[PDB]
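This report concerns only the one structure given below.
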Amino acid sequence: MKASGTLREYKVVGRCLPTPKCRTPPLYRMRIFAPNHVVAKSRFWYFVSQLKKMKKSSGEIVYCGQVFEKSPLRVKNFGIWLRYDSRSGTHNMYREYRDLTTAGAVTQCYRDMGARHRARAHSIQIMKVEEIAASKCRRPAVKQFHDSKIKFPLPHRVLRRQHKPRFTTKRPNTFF
Amino acid sequence: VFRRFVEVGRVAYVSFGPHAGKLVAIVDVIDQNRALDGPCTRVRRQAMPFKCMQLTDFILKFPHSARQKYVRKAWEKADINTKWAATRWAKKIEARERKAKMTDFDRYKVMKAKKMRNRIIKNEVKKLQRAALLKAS
Amino acid sequence: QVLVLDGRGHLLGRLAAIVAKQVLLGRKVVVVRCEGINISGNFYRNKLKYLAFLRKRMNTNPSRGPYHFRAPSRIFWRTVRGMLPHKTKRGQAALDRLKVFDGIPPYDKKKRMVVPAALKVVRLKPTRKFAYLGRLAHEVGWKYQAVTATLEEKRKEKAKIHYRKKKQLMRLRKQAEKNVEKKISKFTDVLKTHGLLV
Amino acid sequence: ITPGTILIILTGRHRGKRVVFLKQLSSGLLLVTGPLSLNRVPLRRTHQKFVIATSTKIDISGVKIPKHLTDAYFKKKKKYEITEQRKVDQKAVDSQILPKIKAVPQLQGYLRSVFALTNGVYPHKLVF
Amino acid sequence: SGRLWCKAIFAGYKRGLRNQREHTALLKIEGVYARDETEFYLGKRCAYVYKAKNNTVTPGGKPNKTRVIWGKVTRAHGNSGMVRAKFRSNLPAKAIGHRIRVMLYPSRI
Amino acid sequence: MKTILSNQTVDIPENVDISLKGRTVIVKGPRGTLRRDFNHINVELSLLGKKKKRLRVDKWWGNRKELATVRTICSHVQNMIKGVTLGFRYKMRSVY
RNA sequence: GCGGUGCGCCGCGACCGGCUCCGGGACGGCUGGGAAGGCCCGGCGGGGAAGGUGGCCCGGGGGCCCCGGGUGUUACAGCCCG
RNA sequence: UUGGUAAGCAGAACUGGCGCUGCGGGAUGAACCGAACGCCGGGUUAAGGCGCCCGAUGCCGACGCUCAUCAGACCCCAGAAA
RNA sequence: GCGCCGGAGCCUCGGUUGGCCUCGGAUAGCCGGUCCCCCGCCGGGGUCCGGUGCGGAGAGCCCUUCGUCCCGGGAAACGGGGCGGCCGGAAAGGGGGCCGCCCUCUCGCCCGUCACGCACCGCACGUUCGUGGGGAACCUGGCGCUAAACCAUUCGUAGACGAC
C-alpha cells in the first residue's frame, strides 16, 4: 500500500440501496486512516464486503468527512493491535507508540513495522487503536520517557553540509 | 566533560529552518529525535528535531504542563534578551551581518584605513624588531 | 592552481572520487602524507582483500600483466587508474596533472587542506575496527618504513622551533597594539562599528 | 536608475572607473559625466544595458542643465578636435559637481580608484 | 590594471549514457554550487578565448594571434551547480576543461 | 534499544590516588605503579567529590552489545587496585 | 525632398507579436455555519491523579545550600471533567 | 494441458512479437519494460537512475535492521535445499 | 674555432590575469599567556586564566597602478634604493637572515587647497608571469681551451652472423 506522506482521518458512513422488502439497511461508521478519501472509501467497501452482504454496485455512501483532534498539545500513549501477513503463515502482534496525533502515530507505525518485519501494507489490517494510561504501559522504551527529573547530554553531534565548503584547514571538533 | 546538558526547559537557539534565528525552550521530550517555545518572536508550538538547534546554558524551574501563558511570564521574568545581548556570540553575529551587508564605498574607506594601519604596523613592529635585536645582541 | 591535500585518516574511495572529480575539471593536486589510511573491516578481511588481489595474477608470464606494487602511492595510483578511463587522452592528461607521493619530502613548508567528506569520524562509527596500510606494506616487502620515519622526525623538530618563533612574533603583535593605542583609537572605532574586531 | 548615483563605466576606452550620473536625456541615452580633474570623463552618452549601477545616491536636487545640448550635438562627424564650447560646458558642470563632492569626505579617492578583482571576490555572493 | 572577469570552467557536454550533444555546452563557475545562487548570471555573455598561428585583425588596435568564440548563457543545470550555454559555432573536442571569459556588461542591475 | 544511562560508581580508598588525563590514569599506593590506556572503548570518566573519594563511569546511548563491555573494565580496574594494594601471590606445584 | 530595391566586411542596441520557464505581491467561499490559539488561575463553583509540585522524614556531598527513596491531590506551581 | 523423472525436447487452445523494426533503459543482448520512425529549432517525459567510470540525491530526508574470520547489489538473466 | 656572465633584430609554441612559506595530535575533548614550583643545555611536567557553535574565525591575512605641480596636518627620519664580509643551506640545497658602508632625501603612505594630461565624442580580444621555452645566424667588453669515438690491425677465456 502506498504510504504517501502522513495519514488522514475520514469518518466514513455507508449503506445499501433502499429495498422494497426492508425499510432501511443498518448504518455503520468507520474511522479510516488513509492518504485520501478515495482509498478511504475503498477500504470501507473492503471491510464491508468482508463483513456483511453488501456490494459496491448495490450500495451508497452517506458521508465521508475529516474531523480533527480536540487535544493536539496533550500527549497520548497509543496501543495498536497489529494484524499482518508474514511470508510463511499469518500472525498477529501488538505494539505501543508515543505521539501527539493519531495520524502521526499511525504514520510512524507503517515505517516502524516496515523497518522491523518488512510490512507490506497491502494485506495488513489495523483492528484496534486505544490510548493507554502511563502505569499500564508495557514497553520500557515507552516508559523511559516518563521521567520528570531528567538531566543528560548528547553523546555525539554529527554535522552536515560538508560539500558546500569543500575545503578546511583546521580539524573541526564534534564535541559541542 | 559535558557542560551543556539537554534539560527540560532549556533555552536553545534555532540554527536553521522556518524559525531561522530564533530562541526556543525545550518544553517536552516525546520522541527520541523530536523535541517540543518562543514567546518573544511569537513562535507557534510545533515539533522540531535535535539537528536544527544550538542549545545554551540557561535554565529555570517551571512545570512543563503549563501552556504558553506561564512560559511567556517566565520568559519576561527571567529577561533572556539582555543575557543574549551580553553573550559574545550574538555581538559578532551582527558583526558578520554587517560584514556581509557592507557598502563598497564603506569597504573602500575601511581598506584605506587598513592600509594606514598596515603602515603603522610596518613602522611600529619594525621598532619592536630592532628593540628585540638590541635586547638579544 | 595547486592544491596540497593531506592524507591522514582519509578513506580510499571517498577521497579518490573527490580527487577524480576535481582533476578532470582541471586543478593541480599534490596528494601528500599517505601513511594513516584506514579501511573498515577486520584484519582478516583487510588482509584477504590484498591476498585475493595477489591470487588474481597472470599464469603464462607474470612479467607482462599485473604488478603487485608495494608503495602506497603506487596503490593509490593503481586505484585512481582503475576508477578513471586511463585509455583516453583526457585520462592521460589527468595522469600528468595528478601528483602522488608518499610521506612529505621537496615543498614540505606549505599549508595543506583537509577533505572533511573522507574523514573517519564523519563516515565511520568509532566502534569500528581498522587495519594499517604501512604495516601491511612492511609485511609484504616495503623496506622504507625506518627510512621515512627518521626523516619525518627531522622536519617535525624544525617545525617545532619555527612555530615557537612564530609564537614569539605573536606576543610582539599584541604588545605593539598596547603601546600605540593613543593614535589608533580613532582607527579602532571605525572598525568596531563595521564589526571586524568583534 | 536614479539621477545622482555612481556608475561603473564599461564600454568606453576608460573602463572600470566610477562616474557620477547626471540625468536622462530626451533621446534615450544615459548622459553621464565625471569631474574633469578626478575621473577625466567628458559629456558622454551610455546605455542602460552597458551601465552597472552602484547604490550610492547623493543629492542632485540643486542642479541645472542647459538647453543648447541635444542628441545631434554629440555626434561623430569625422579627426577628433576638441571645441571651445565643450571645455566651457565641462567647467560649468564641474563647478556644480564640485561643492557636493568636496563636502562628502573621502569621495575623490573612490572616484580616482578603478575597479579590479582579486582572490575570493565574486559579486553574486557579496553586495555592493 | 586588474582582473575584470570571473573564473568559469568548461565542464562538458549534454550527454546520455552513450550518445552526446555538442550543441549544448556545460559550464561551471568557481564559487557557486546552487541553483538559487546561480540566478544572478542569467544572460551574461561567455567567450572562449584562445590563440592561433595567423595574425587576425583586432577592432581598434593592431592585429594579434588571439581569437574568441562568443556564446550565451541560457539557464542552469543540475542541483548542486552547473549551467547550460550555447555558442555561435560548436566547440571542438580540443576545448575540454579550459578557462574562458565571462563578460558581465550585459547587466540586469 | 539504546539505553540512555547505566552508571557504575567505584568507591576507591584514600591510599589509591589517581589523576586522569583524557582516558589515561595513573595508580599509586603502598607499592607498585600500573598504567593502562582506555582510548578504545570511548567512555566518559568522572572523578568527583572533594579529596577524590570515588570514581564514576558513563556509557551514553549504547545498546545491549555495547553496555556489556562496561562492567568488565570496572573488574579490570578493581583487579589493578587489588594488585597495587595487596598484590598477587601464585603458588603452584609440580607433578611427575 | 517622397517612394522602392539593395549592403564590400564584422557586431551591438531598441520596440511589437507568438511559444515556454520562473519570481514578488494582493483578494474571496467551505469545514463541527472549523478543531484549537492570546487577552480579563476570569469570578463563582464540586470532584480526581504523578513523569509527586510545595512542604515533612530518612541517608551523604559541600562551613548554612544540593542529591536518591517514601508520605501527599493542590500546598510558596501546574492540571482534567461539569 | 499431453508424452519424459526432470532440459535450450516434441506436440496442442488465446494474445502479442523477430522474420517484415530501429530507438531509450536492463554492461555486453531475436523476443524483458516503455514507446514505435520524413528533415531541423524550442520547451517537456515513460521505462530508468542521481560515489566515480558519463548527466543528475553534493536533499543540512526520515524510520529502524545488519558485523560476516565465504554479507549485499535487482523480472527474464546465469546458482540452492533441509 | 669553441664556451661561462651583460645589443639592432628574426621564426615557432601553451596555459595564464597576486601570493598565502609550514608544528603536533585529541574528536565522550581542546586552543592561546603567565608559567610563581621541579626535571632538562634554553624545552617539557602539572598548577592557573579567557574562548568552545571557535575572532590566536583560511567563511582568514597582506599587495592594490590613473599619473604629476605647490601649500599644509598627523605620519616618520633609528627609515627606502646598492655595494663588502658573517651564517643558514642535500628525502629532490634557498637566490633567506643580519651588520658596517662608496650613496640619497624627509618626497612614498592616511586626510584638506589648486592646476594639468590627445576629454579620441555608444559598441571587442585591454589587463599578466616576459630578460617565457626551442632552433639559426649578425654585433661587442672581461675570462679560458687546442679533444675523443667508430671501421680496421693481434686475441680465444668468446663465437651461426652480430656480440663479448
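For the C-alpha cells, the naming scheme is as follows: chains receive sequential letters (A, B, ...) according to their order of presentation, residues are indexed from 1 within each chain, and ligands are indexed from 1 in presentation order.
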| said: Need the shell around segment 5-9 of chain A: protein/DNA/RNA residues with any atom at most 12 Å away, counting only C-alpha atoms (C1' of nucleotides). Skip same-chain ones fewer than 2 positions apart. Format as a ChimeraX atom specification? | reply: /A:2-3,11-12,30-41,64-69,101-111 /H:62
| field | chain D contacts to chain G at 12 Å (only C-alpha atoms (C1' of nucleotides)) as a VMD selection string | value | chain D and resid 11 27 to 29 46 to 50
With N, CA, C and O atoms retained, write the just-selected residues as an mmCIF file, in the first residue's frame.
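And here is the file that came out, out_0.cif:
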data_model
loop_
_atom_site.group_PDB
_atom_site.id
_atom_site.type_symbol
_atom_site.label_atom_id
_atom_site.label_comp_id
_atom_site.auth_asym_id
_atom_site.auth_seq_id
_atom_site.Cartn_x
_atom_site.Cartn_y
_atom_site.Cartn_z
ATOM 1 N N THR D 11 31.976 50.299 -21.427
ATOM 2 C CA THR D 11 32.147 50.141 -22.868
ATOM 3 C C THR D 11 33.139 51.140 -23.452
ATOM 4 O O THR D 11 33.552 50.989 -24.607
ATOM 5 N N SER D 27 16.527 61.762 -25.796
ATOM 6 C CA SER D 27 16.694 60.767 -26.852
ATOM 7 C C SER D 27 16.604 59.353 -26.291
ATOM 8 O O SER D 27 15.980 58.473 -26.896
ATOM 9 N N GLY D 28 17.219 59.117 -25.134
ATOM 10 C CA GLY D 28 17.174 57.809 -24.511
ATOM 11 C C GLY D 28 18.499 57.371 -23.922
ATOM 12 O O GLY D 28 18.540 56.496 -23.052
ATOM 13 N N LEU D 29 19.591 57.971 -24.390
ATOM 14 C CA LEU D 29 20.914 57.586 -23.919
ATOM 15 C C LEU D 29 21.222 58.240 -22.579
ATOM 16 O O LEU D 29 20.863 59.394 -22.332
ATOM 17 N N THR D 46 25.845 56.823 -22.588
ATOM 18 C CA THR D 46 25.943 55.383 -22.397
ATOM 19 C C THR D 46 24.563 54.764 -22.569
ATOM 20 O O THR D 46 23.594 55.446 -22.911
ATOM 21 N N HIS D 47 24.481 53.459 -22.315
ATOM 22 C CA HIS D 47 23.245 52.707 -22.477
ATOM 23 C C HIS D 47 22.926 51.913 -21.211
ATOM 24 O O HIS D 47 23.825 51.496 -20.474
ATOM 25 N N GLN D 48 21.621 51.698 -20.982
ATOM 26 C CA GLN D 48 21.141 51.111 -19.731
ATOM 27 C C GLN D 48 21.582 49.660 -19.571
ATOM 28 O O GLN D 48 21.708 49.166 -18.444
ATOM 29 N N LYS D 49 21.806 48.957 -20.683
ATOM 30 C CA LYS D 49 22.383 47.620 -20.595
ATOM 31 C C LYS D 49 23.854 47.687 -20.211
ATOM 32 O O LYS D 49 24.303 46.956 -19.321
ATOM 33 N N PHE D 50 24.611 48.591 -20.841
ATOM 34 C CA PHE D 50 26.050 48.715 -20.640
ATOM 35 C C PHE D 50 26.414 49.407 -19.328
ATOM 36 O O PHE D 50 27.604 49.514 -19.001
#
| query | Contacts of residue 37 of chain F at 9 Å or less, counting only C-alpha atoms (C1' of nucleotides), minus same-chain residues fewer than 5 places along, as a PyMOL selection string? | reply | chain F and resi 23-25
Please dump the current selection as a PDB file, in the first residue's frame; keep N, CA and C atoms.
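Wrote it out as out.pdb, contents follow:
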ATOM      1  N   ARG F  23      41.811   9.610  28.783  1.00  0.00           N
ATOM      2  CA  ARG F  23      41.471   8.222  29.080  1.00  0.00           C
ATOM      3  C   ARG F  23      42.707   7.467  29.549  1.00  0.00           C
ATOM      4  N   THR F  24      43.610   8.164  30.235  1.00  0.00           N
ATOM      5  CA  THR F  24      44.825   7.563  30.763  1.00  0.00           C
ATOM      6  C   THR F  24      44.987   7.964  32.221  1.00  0.00           C
ATOM      7  N   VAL F  25      45.017   6.966  33.104  1.00  0.00           N
ATOM      8  CA  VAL F  25      45.106   7.194  34.539  1.00  0.00           C
ATOM      9  C   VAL F  25      46.408   6.604  35.063  1.00  0.00           C
TER      10      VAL F  25
END
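Set the cut-off at 12 Å, count only C-alpha atoms (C1' of nucleotides), and the residues of chain E near chain G turn out to be residues 36, 39, 42, 57, 58, 59, 70, 74, 75, 76 and 106 of chain E.
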| task | Considering only C-alpha atoms, state which residue in the set F:27, F:41, F:12, F:34 is at the smallest distance from chain C. | result | F:41
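Counting only C-alpha atoms (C1' of nucleotides), segment 70-73 of chain C has the following residues at most 9 Å away, ignoring those fewer than 6 positions along the same chain: residues 31, 34, 35, 100, 101, 102, 133, 134, 137, 138, 140, 141 and 142 of chain C.
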Let's have the selection written as a PDB file, in the first residue's frame, with C-alpha atoms.
ATOM      1  CA  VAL C  31      48.432  14.302  -2.550  1.00  0.00           C
ATOM      2  CA  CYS C  34      49.590   8.771   2.869  1.00  0.00           C
ATOM      3  CA  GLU C  35      50.545   6.597   5.854  1.00  0.00           C
ATOM      4  CA  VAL C 100      51.093  11.473  -5.762  1.00  0.00           C
ATOM      5  CA  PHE C 101      53.980  10.779  -3.372  1.00  0.00           C
ATOM      6  CA  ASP C 102      54.425   9.067  -0.007  1.00  0.00           C
ATOM      7  CA  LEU C 133      48.387   0.216   5.356  1.00  0.00           C
ATOM      8  CA  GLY C 134      52.049   0.807   6.216  1.00  0.00           C
ATOM      9  CA  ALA C 137      53.303  -2.808   3.208  1.00  0.00           C
ATOM     10  CA  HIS C 138      56.172  -3.599   5.594  1.00  0.00           C
ATOM     11  CA  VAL C 140      54.624  -7.634   2.184  1.00  0.00           C
ATOM     12  CA  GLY C 141      58.037  -6.131   1.453  1.00  0.00           C
ATOM     13  CA  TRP C 142      58.220  -2.329   1.654  1.00  0.00           C
TER      14      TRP C 142
END
| task | Skip segment 124-131 of chain A itself and residues of its chain fewer than 2 positions away, then list as number ranges by chain all residues within 8 Å of it, counting only C-alpha atoms (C1' of nucleotides). | result | A: 76-85, 119-122, 133
Those residues you just picked out, can you put them in a file as an mmCIF file, in the first residue's frame with C-alpha atoms?
data_model
loop_
_atom_site.group_PDB
_atom_site.id
_atom_site.type_symbol
_atom_site.label_atom_id
_atom_site.label_comp_id
_atom_site.auth_asym_id
_atom_site.auth_seq_id
_atom_site.Cartn_x
_atom_site.Cartn_y
_atom_site.Cartn_z
ATOM 1 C CA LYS A 76 -1.244 10.267 24.333
ATOM 2 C CA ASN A 77 0.263 6.768 24.531
ATOM 3 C CA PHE A 78 -1.401 4.683 21.845
ATOM 4 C CA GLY A 79 -1.535 0.909 21.602
ATOM 5 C CA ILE A 80 -2.117 -0.660 18.191
ATOM 6 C CA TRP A 81 -3.222 -4.274 17.713
ATOM 7 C CA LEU A 82 -1.396 -5.348 14.533
ATOM 8 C CA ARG A 83 -2.938 -7.867 12.130
ATOM 9 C CA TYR A 84 -0.401 -8.641 9.402
ATOM 10 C CA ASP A 85 0.591 -11.385 6.976
ATOM 11 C CA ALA A 119 5.491 -4.746 6.465
ATOM 12 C CA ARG A 120 3.840 -4.871 3.037
ATOM 13 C CA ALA A 121 0.672 -2.941 3.907
ATOM 14 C CA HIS A 122 -1.463 -4.234 1.008
ATOM 15 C CA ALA A 133 -2.607 5.235 30.933
#
| query | Residues of chain B within 12 Å of chain C, using only C-alpha atoms, as a PyMOL selection string? | reply | chain B and resi 87-103+106-107+109-132
| task | Check every residue of chain F for an atom within 10 Å of chain C, counting only C-alpha atoms, and provide those that qualify as JSON, numbers by chain. | result | {"F": [40, 41, 42, 66]}
List the spatial neighbours of segment 29-45 of chain H as a PDB file with N, CA, C and O atoms (P, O5', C5', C4', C3', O3' and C1' of nucleotides), in the first residue's frame - criterion: any atom at most 9 Å away, only C-alpha atoms (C1' of nucleotides), same-chain residues fewer than 3 positions off excluded.
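Saved to part-v2.pdb:
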ATOM      1  P     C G  19       0.905  32.088 -27.592  1.00  0.00           P
ATOM      2  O5'   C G  19       2.134  31.077 -27.544  1.00  0.00           O
ATOM      3  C5'   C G  19       2.204  29.966 -28.426  1.00  0.00           C
ATOM      4  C4'   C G  19       3.491  29.201 -28.244  1.00  0.00           C
ATOM      5  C3'   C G  19       3.813  28.790 -26.817  1.00  0.00           C
ATOM      6  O3'   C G  19       3.126  27.615 -26.426  1.00  0.00           O
ATOM      7  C1'   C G  19       5.743  29.718 -27.841  1.00  0.00           C
ATOM      8  P     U G  20       2.858  27.317 -24.872  1.00  0.00           P
ATOM      9  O5'   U G  20       4.238  26.710 -24.359  1.00  0.00           O
ATOM     10  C5'   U G  20       4.605  26.802 -22.993  1.00  0.00           C
ATOM     11  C4'   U G  20       6.102  26.773 -22.815  1.00  0.00           C
ATOM     12  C3'   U G  20       6.592  27.051 -21.406  1.00  0.00           C
ATOM     13  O3'   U G  20       6.525  25.908 -20.574  1.00  0.00           O
ATOM     14  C1'   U G  20       7.852  28.332 -22.950  1.00  0.00           C
ATOM     15  P     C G  21       5.833  25.999 -19.129  1.00  0.00           P
ATOM     16  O5'   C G  21       7.031  26.406 -18.164  1.00  0.00           O
ATOM     17  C5'   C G  21       8.238  25.659 -18.158  1.00  0.00           C
ATOM     18  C4'   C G  21       9.386  26.471 -17.617  1.00  0.00           C
ATOM     19  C3'   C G  21       9.130  27.197 -16.307  1.00  0.00           C
ATOM     20  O3'   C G  21       9.215  26.361 -15.168  1.00  0.00           O
ATOM     21  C1'   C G  21      10.188  28.665 -17.828  1.00  0.00           C
TER      22        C G  21
ATOM     23  P     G H  17       2.418  -7.138 -32.256  1.00  0.00           P
ATOM     24  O5'   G H  17       3.857  -6.971 -31.587  1.00  0.00           O
ATOM     25  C5'   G H  17       5.029  -6.901 -32.387  1.00  0.00           C
ATOM     26  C4'   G H  17       6.137  -7.762 -31.831  1.00  0.00           C
ATOM     27  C3'   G H  17       7.033  -8.432 -32.865  1.00  0.00           C
ATOM     28  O3'   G H  17       8.082  -7.582 -33.302  1.00  0.00           O
ATOM     29  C1'   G H  17       6.346 -10.023 -31.239  1.00  0.00           C
ATOM     30  P     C H  18       8.299  -7.279 -34.866  1.00  0.00           P
ATOM     31  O5'   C H  18       9.599  -8.118 -35.254  1.00  0.00           O
ATOM     32  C5'   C H  18      10.873  -7.812 -34.702  1.00  0.00           C
ATOM     33  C4'   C H  18      11.841  -8.951 -34.905  1.00  0.00           C
ATOM     34  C3'   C H  18      12.023  -9.405 -36.348  1.00  0.00           C
ATOM     35  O3'   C H  18      13.015  -8.657 -37.030  1.00  0.00           O
ATOM     36  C1'   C H  18      11.600 -11.288 -34.968  1.00  0.00           C
ATOM     37  P     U H  21      10.954  -3.777 -41.391  1.00  0.00           P
ATOM     38  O5'   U H  21      11.868  -4.049 -40.114  1.00  0.00           O
ATOM     39  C5'   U H  21      13.055  -3.291 -39.902  1.00  0.00           C
ATOM     40  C4'   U H  21      13.247  -2.911 -38.452  1.00  0.00           C
ATOM     41  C3'   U H  21      13.566  -4.062 -37.498  1.00  0.00           C
ATOM     42  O3'   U H  21      14.500  -3.618 -36.516  1.00  0.00           O
ATOM     43  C1'   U H  21      11.599  -2.952 -36.779  1.00  0.00           C
ATOM     44  P     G H  22      16.038  -4.079 -36.604  1.00  0.00           P
ATOM     45  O5'   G H  22      16.843  -2.717 -36.791  1.00  0.00           O
ATOM     46  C5'   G H  22      17.388  -2.033 -35.671  1.00  0.00           C
ATOM     47  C4'   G H  22      17.020  -0.570 -35.685  1.00  0.00           C
ATOM     48  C3'   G H  22      17.114   0.147 -34.347  1.00  0.00           C
ATOM     49  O3'   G H  22      18.430   0.586 -34.057  1.00  0.00           O
ATOM     50  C1'   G H  22      15.033   0.632 -35.358  1.00  0.00           C
ATOM     51  P     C H  23      19.005   0.508 -32.558  1.00  0.00           P
ATOM     52  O5'   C H  23      18.352   1.764 -31.827  1.00  0.00           O
ATOM     53  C5'   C H  23      18.553   3.082 -32.316  1.00  0.00           C
ATOM     54  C4'   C H  23      17.548   4.041 -31.730  1.00  0.00           C
ATOM     55  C3'   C H  23      17.550   4.149 -30.213  1.00  0.00           C
ATOM     56  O3'   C H  23      18.562   5.009 -29.722  1.00  0.00           O
ATOM     57  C1'   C H  23      15.325   3.908 -30.990  1.00  0.00           C
ATOM     58  P     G H  24      19.482   4.546 -28.489  1.00  0.00           P
ATOM     59  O5'   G H  24      18.519   4.665 -27.228  1.00  0.00           O
ATOM     60  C5'   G H  24      18.113   5.935 -26.744  1.00  0.00           C
ATOM     61  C4'   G H  24      17.365   5.816 -25.440  1.00  0.00           C
ATOM     62  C3'   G H  24      17.853   4.740 -24.485  1.00  0.00           C
ATOM     63  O3'   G H  24      19.009   5.113 -23.759  1.00  0.00           O
ATOM     64  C1'   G H  24      15.506   4.630 -24.646  1.00  0.00           C
ATOM     65  P     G H  25      20.141   4.017 -23.443  1.00  0.00           P
ATOM     66  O5'   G H  25      19.582   3.245 -22.166  1.00  0.00           O
ATOM     67  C5'   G H  25      19.288   3.944 -20.966  1.00  0.00           C
ATOM     68  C4'   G H  25      18.450   3.112 -20.028  1.00  0.00           C
ATOM     69  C3'   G H  25      19.008   1.745 -19.666  1.00  0.00           C
ATOM     70  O3'   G H  25      20.006   1.798 -18.662  1.00  0.00           O
ATOM     71  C1'   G H  25      16.730   1.532 -20.238  1.00  0.00           C
ATOM     72  P     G H  26      21.308   0.861 -18.773  1.00  0.00           P
ATOM     73  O5'   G H  26      20.777  -0.589 -18.385  1.00  0.00           O
ATOM     74  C5'   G H  26      20.242  -0.851 -17.096  1.00  0.00           C
ATOM     75  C4'   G H  26      19.614  -2.220 -17.033  1.00  0.00           C
ATOM     76  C3'   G H  26      20.484  -3.372 -17.510  1.00  0.00           C
ATOM     77  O3'   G H  26      21.417  -3.806 -16.536  1.00  0.00           O
ATOM     78  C1'   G H  26      18.352  -3.550 -18.497  1.00  0.00           C
ATOM     79  P     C H  75      15.836 -10.338  -9.371  1.00  0.00           P
ATOM     80  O5'   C H  75      14.884 -10.424 -10.647  1.00  0.00           O
ATOM     81  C5'   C H  75      13.604  -9.809 -10.650  1.00  0.00           C
ATOM     82  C4'   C H  75      12.671 -10.469 -11.637  1.00  0.00           C
ATOM     83  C3'   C H  75      13.336 -11.167 -12.815  1.00  0.00           C
ATOM     84  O3'   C H  75      13.736 -12.487 -12.490  1.00  0.00           O
ATOM     85  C1'   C H  75      11.531  -9.816 -13.579  1.00  0.00           C
ATOM     86  P     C H  76      15.194 -13.030 -12.886  1.00  0.00           P
ATOM     87  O5'   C H  76      15.024 -13.556 -14.380  1.00  0.00           O
ATOM     88  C5'   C H  76      14.148 -14.629 -14.697  1.00  0.00           C
ATOM     89  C4'   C H  76      13.737 -14.580 -16.147  1.00  0.00           C
ATOM     90  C3'   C H  76      14.841 -14.854 -17.162  1.00  0.00           C
ATOM     91  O3'   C H  76      15.014 -16.244 -17.397  1.00  0.00           O
ATOM     92  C1'   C H  76      13.636 -12.898 -17.778  1.00  0.00           C
TER      93        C H  76
END
Rows by chain and residue number, chain B within 10 Å of chain H, shortest pair, only C-alpha atoms (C1' of nucleotides), as a Markdown table:
| residue | atom | partner | partner_atom | distance |
| --- | --- | --- | --- | --- |
| B:16 | CA | H:60 | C1' | 8.7 |
| B:17 | CA | H:60 | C1' | 9.7 |
| B:51 | CA | H:60 | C1' | 8.6 |
| B:52 | CA | H:60 | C1' | 8.5 |
Please report, as CSV, each residue of chain D lying at most 10 Å from chain I, together with the nearest pair of atoms and the separation in Å rounded to one decimal; use only C-alpha atoms (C1' of nucleotides), and order rows by chain and ascending residue number.
residue,atom,partner,partner_atom,distance
D:11,CA,I:123,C1',6.8
D:12,CA,I:122,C1',8.0
D:13,CA,I:126,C1',8.8
D:15,CA,I:126,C1',9.5
D:17,CA,I:66,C1',9.7
D:29,CA,I:122,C1',8.4
D:30,CA,I:122,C1',9.8
D:36,CA,I:119,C1',7.8
D:37,CA,I:116,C1',8.4
D:38,CA,I:66,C1',9.3
D:39,CA,I:66,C1',8.8
D:40,CA,I:119,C1',6.7
D:41,CA,I:119,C1',6.4
D:42,CA,I:119,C1',5.1
D:43,CA,I:121,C1',8.1
D:44,CA,I:121,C1',7.0
D:45,CA,I:122,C1',6.4
D:46,CA,I:122,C1',5.6
D:47,CA,I:122,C1',7.0
D:50,CA,I:122,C1',9.0
D:73,CA,I:121,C1',9.3
D:74,CA,I:121,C1',6.0
D:75,CA,I:121,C1',6.7
D:76,CA,I:121,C1',6.1
D:77,CA,I:121,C1',9.0
D:79,CA,I:120,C1',8.3
D:80,CA,I:120,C1',5.9
D:81,CA,I:120,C1',8.5
D:82,CA,I:119,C1',7.7
D:86,CA,I:119,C1',8.8
D:87,CA,I:119,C1',8.6
D:90,CA,I:119,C1',9.2
D:102,CA,I:112,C1',9.7
D:105,CA,I:111,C1',9.1
D:106,CA,I:111,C1',8.0
D:112,CA,I:66,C1',7.1
D:113,CA,I:66,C1',7.8
D:114,CA,I:66,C1',8.1
D:116,CA,I:64,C1',8.8
D:117,CA,I:17,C1',9.9
D:118,CA,I:18,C1',7.7
D:119,CA,I:18,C1',8.1
| task | Give the answer as one residue: which of A:75, A:134, A:17, A:93 has the shortest atom-to-atom distance to residue 146 of chain A, using only C-alpha atoms? | result | A:134
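Across C:7, C:82, C:63, C:27, the tightest approach to chain H is made by C:82 when counting only C-alpha atoms (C1' of nucleotides).
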| message | What's around segment 8-18 of chain E at 12 Å? Count only C-alpha atoms (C1' of nucleotides), leave out sequence neighbours fewer than 3 positions away in its own chain, and write the answer as a ChimeraX atom specification. | response | /C:21-27,90 /D:122 /E:5,21-32,41,45-49,77-78,81-86,90-103 /H:24-25,27,48-49,53-56
| task | Residues of chain A no more than 8 Å from chain I, counting only C-alpha atoms (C1' of nucleotides): send them over as a PyMOL selection string. | result | chain A and resi 155-156+168-169+173-176
File dump, residues just selected, N, CA, C and O atoms, as a tab-separated table (two decimals), in the first residue's frame:
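New file selection-v1.tsv:
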chain	number	residue	atom	x	y	z
A	155	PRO	N	25.40	12.28	23.16
A	155	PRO	CA	26.66	11.53	23.03
A	155	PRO	C	27.52	11.98	21.86
A	155	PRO	O	28.76	11.96	21.95
A	156	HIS	N	26.90	12.41	20.76
A	156	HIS	CA	27.65	12.79	19.57
A	156	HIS	C	26.84	13.81	18.79
A	156	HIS	O	25.61	13.75	18.76
A	168	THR	N	38.88	22.83	4.18
A	168	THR	CA	39.09	23.36	5.52
A	168	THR	C	40.54	23.16	5.91
A	168	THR	O	41.24	22.30	5.36
A	169	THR	N	41.01	23.97	6.86
A	169	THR	CA	42.38	23.89	7.34
A	169	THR	C	42.46	23.17	8.68
A	169	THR	O	43.18	22.17	8.81
A	173	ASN	N	36.07	20.01	15.72
A	173	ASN	CA	35.76	19.13	16.84
A	173	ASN	C	34.26	18.92	16.92
A	173	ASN	O	33.49	19.89	16.95
A	174	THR	N	33.83	17.65	16.95
A	174	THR	CA	32.41	17.35	17.05
A	174	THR	C	31.90	17.41	18.48
A	174	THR	O	30.69	17.23	18.71
A	175	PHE	N	32.77	17.66	19.45
A	175	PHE	CA	32.35	17.84	20.83
A	175	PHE	C	31.74	19.23	21.00
A	175	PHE	O	32.46	20.24	20.97
A	176	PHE	N	30.43	19.29	21.18
A	176	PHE	CA	29.74	20.55	21.39
A	176	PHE	C	28.96	20.54	22.70
A	176	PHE	O	28.63	19.48	23.23
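Of the residues listed (B:69, B:42, B:22, B:10), B:10 shows the shortest atom-to-atom separation from chain A; distances use only C-alpha atoms.
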